[PDB]
Every structure is written in C-alpha cells, then in structure tokens.
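Structure record follows, encoded as structure tokens.
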C-alpha cells in the first residue's frame with residue numbers, strides 16, 4: 002500500500018543540492034498512498050509552524066558548516082511525528098523511514114523528533130555539527 006515516489010523524492014533532492022537558490026529545506030509527505038516532497042523554502046519558520054504535534058510526516062534539510070576556513074555542506078533527515086499519530090500512522094513512520102533510507106543513498110544524519118525545540122533549526126544543526134560530542138550543549142548555540 003505504502004509507496005515512495007523516486008521521481009518526486011529525487012526532484013526535491015536535486016533542488017536542495019543547489020546552494021544558489023533560496024531553498025535549504027524541503028518537506029516529505031504522502032498523498033493518498035504515495036510519498037512526495039513538499040514545501041521548499043529558505044525560511045525554516047514555515048517548517049516549525051507546519052510541523053505541529055498533530056500528524057506524522059518526513060523532512061529533509063541541509064546545513065553548511067563553514068566560516069571562511071572550511072565551507073562544507075551536510076545532509077539531515079528529520080522525521081516529525083506529532084502526538085496525534087494513530088496506530089496505523091505510528092507503524093507507518095518506521096516503514097516509511099525504510100523507504101526513504103533506500104531513496105537517499107548519500108546522507109549524513111537521520112533521526113526522529115517529537116518536540117518543536119528538538120526539531121528546531123539550532124537543534125538539527127547541532128547534531129550535524131557535533132556528530133559525536135561530549136553532550137556539551139545547553140542553549141543549542
């Protein structure tokens with residue numbers, strides 16, 4: 002029943018790969034019975050407002066860790082699951098995570114989040130930047 006559109010998923014990925022346009026993050030939701038990317042903007046504020054604790058969907062945001070010394074990019078797969086995740090949707094999250102896993106062969110970090118503060122931009126970038134630190138975080142700075 003659940004299927005992932007390689008064409009759509011790939012299309013959005015290509016756009017995210019380009020660091021020239023005003024696009025950094027992209028959504029990932031399924032309509033009817035097929036997964037397909039969503040909103041694509043530079044303003045993450047939209048993602049925070051759209052991803053509320055009352056549904057279940059996927060996401061894809063890329064962050065660049067550099068400062069006139071080492072300009073580099075990094076992939077980040079965020080899976081949002083608002084508490085209003087029904088039993089059918091709950092199991093779907095794990096299954097869907099597998100579908101996307103195969104779709105994205107070259108990734109950096111992918112994890113699930115159930116908190117707005119945890120899904121916040123500062124939190125995502127922190128995980129990507131550290132990728133194995135001594136948990137020396139407090140204000141996600």
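Numbering (the entry's author numbering), first residue to last: 2 to 142. Heads up, the beta-carbon is just placed ideally off N, CA and C, and yes, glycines get one too.
- Excluding sequence positions up to five before and after residue 100, its CB lies within less than 6 Å of the CB of 5, all in the same chain and listed in chain order.
- Ranked by how close their Cα comes to the Cα of residue 103, the residues 32, 141, 78 and 33 have 78 in first place.
- If you check the CB distance, residue 45 and residue 142 do not come in under 8 Å.
- Look at residue 106 here: in three-state DSSP terms it is coil, with no helix or strand label.
- In the DSSP annotation of this structure, the continuous segment of the beta strand (DSSP E) that includes residue 75 starts and ends at 74–82.
- The distance from the Cβ of residue 30 to that of residue 59 is about 7 Å, consistent with a contact at the 8 Å cut-off.
- The alpha-carbon of residue 71 is positioned some 41 Å away from that of residue 90.
- In the three-state DSSP reduction, residue 50 falls in the helix class (H, G or I).
- By the neighbour-count criterion, in which a residue is buried when 16 or more other Cβ atoms sit within 10 angstroms of its Cβ, residue 16 is exposed.
- For residue 83 against residue 57, the beta-carbon gap comes to about 6 Å, under 8 Å, which counts as contact.
- In the DSSP assignment, residue 65 is bridged to 74.
- Counting along the chain, residue 30 sits inside no alpha helix (DSSP H); it lies in the beta strand (DSSP E) bounded by residues 26–31.
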